[PDB]
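Quick heads-up: it's one chain on its own, the form deposited in one PDB entry, in structure tokens.
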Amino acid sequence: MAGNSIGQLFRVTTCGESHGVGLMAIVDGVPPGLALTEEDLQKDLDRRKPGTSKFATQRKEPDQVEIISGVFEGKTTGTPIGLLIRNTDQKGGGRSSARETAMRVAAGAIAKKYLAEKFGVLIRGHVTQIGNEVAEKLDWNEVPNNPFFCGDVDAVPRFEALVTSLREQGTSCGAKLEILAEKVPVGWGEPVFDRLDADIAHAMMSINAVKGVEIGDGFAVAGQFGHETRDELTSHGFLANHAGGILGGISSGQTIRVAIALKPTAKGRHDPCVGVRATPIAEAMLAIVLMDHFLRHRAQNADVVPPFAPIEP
């Protein structure tokens, strides 16, 4: 069955079998005035498989999302937004689990686009590891350039070789993704039980191969020592973002760092690392949580008193 809803104020409620007739979502709480169209959503959808009709050799135009309510004349009305995908599962039956993820990613798209305009929040994820290959550096312009979402232009070949290797031998490997949210206003999160890190973990943990979630330095913290605050020299600065942007479960101000670990996954099926495909959904999940908490934080302000630096519309 299903626990098919997520969010208090930004709410996504869904349904649909991968083999069923179609897939649906109702998304509540998105304020009126947001330019929004189907294309905005597909573009994130189609990001899940980074091919055009290019990617799978003879693949069709993919199944397309349709906005059924909530948008008037290109803009959000501020009523509940309905999404539909009709499954053109072309007329033992298998199942492709990109259909099971669609509604999340279409909804996250809505929360991304809203948070980018309003705040310039930018939510982006990259695979740091596949099995025994690690990326060692980050270049945002590189992650779209290779089919692993890898920020390290020199590991891409090494990742590529490991994928080529596994394919040969009827195996598959684990993955670790990092997702970041930047330009996130301070103060979001709801201790005790709805800390921003908690909802994040909750949300990420809805993705299927996930075995862990961490925030900031995450697990390394186990081995660390409390050597961060009392004495400085003249130059130094302790913005290492050890907390990964959440402290006491409310946003810092700093970028938000979350990592997750996806496990290995069971004609030639080119399996081998389905985990990299989780990036756009991991990005989706984070957006959905931040939007929810945006709305909660606003609902708890009689009205605003900044603070806001030289302004950066």
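All residue numbers are counted from 1 along the displayed sequence. Take the two forms, find the largest set of C-alpha atoms that superpose within 1.5 Å, and that set is the rigid core.
Beyond what is shown, the protein has a form deposited in another entry; the following relates to that form.
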### Message
When the rigid core is used for the superposition, does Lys54 move between the shown form and the other one (threshold: C-alpha shift of 2 Å or more)?
### Response
yes
### Message
I want to check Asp154: does it shift between the shown form and the other one by 2 Å or more at the Cα, with the core superposed?
### Response
no
#### Entry: Rigid core superposed: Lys211 CA moves 2 Å or more between the shown form and the other one
no
### Summary
Distance flag for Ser53 and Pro157 (Cα, change 3 Å or more) in the other entry: the two residues are closer
### Task
Over in the other structure, so in the other entry, do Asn146 and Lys54 pull closer or drift farther apart at the C-alpha level? The difference is 3 angstroms or more.
closer
